[PDB]
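*Asks:* One structure, as structure tokens, below. Some questions next.
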Amino acid sequence: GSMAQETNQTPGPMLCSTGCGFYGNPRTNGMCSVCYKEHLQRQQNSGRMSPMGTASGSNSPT
Ligand SMILES: [Zn+2]
């Protein structure tokens with residue numbers, strides 16, 4: 001293996017984290033075009049984002 005001009009595969013396969021089978025982007029949230037929209041919609045609806053096991057503000061009046 002003297003020469004170094006043998007390209008077989010490209011590095012950095014930013015494949016969709018959700019597993020849809022399409023290419024994703026690292027500038028985005030690691031999701032493709034479709035999944036990035038659905039995911040952000042669910043995150044925006046929350047408002048109180050805090051990944052620490054528990055979360056404050058979970059009341060639901062009848
Ligand atoms: Zn996707």
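In the structure tokens, chains take the letters A, B, ... in the order shown, each chain's residues start at 1, and ligands count up from 1 in the order shown.
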Excluding same-chain residues fewer than 5 positions from segment 36-51 of chain A, what lies within 10 Å of it counting only C-alpha atoms, as a ChimeraX atom specification?
*Replies:* /A:16-18,24-25,28-31,56-58
*Asks:* Please, what distance in Å, to one decimal, runs between atom CA of residue 7 of chain A and atom CA of residue 23 of chain A?
*Replies:* 20.1 Å
*Asks:* Could you pull out the helix (DSSP H, G or I) residues of segment 2-43 of chain A from DSSP and send them as JSON, numbers by chain?
*Replies:* {"A": [33, 34, 35, 36, 37, 38, 39, 40, 41, 42, 43]}
*Asks:* Would you please work out which residue, of A:32, A:27, A:10, A:15, is nearest to ligand 1 when using only C-alpha atoms and all ligand atoms?
*Replies:*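 Ranked by minimum distance to ligand 1, first place goes to A:32.
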*Asks:* Which of these residues is nearest to ligand 1, using only C-alpha atoms and all ligand atoms: A:59, A:2, A:9, A:33?
*Replies:* A:33
*Asks:* Let me make sure I understand: among A:1, A:35, A:11, A:6, which one has the smallest atom-to-atom distance to ligand 1 if we use only C-alpha atoms and all ligand atoms?
*Replies:*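 Going through A:1, A:35, A:11, A:6 one by one, the smallest distance to ligand 1 is for A:35.
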*Asks:* Using only C-alpha atoms and all ligand atoms, can you tell me which of A:52, A:34, A:14, A:4 comes closest to ligand 1?
*Replies:* A:34
*Asks:* Measuring between only C-alpha atoms and all ligand atoms, which one of A:26, A:13, A:19, A:8 shows the shortest distance to ligand 1?
*Replies:*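 Residue with the minimum atom-to-atom distance to ligand 1: A:19.
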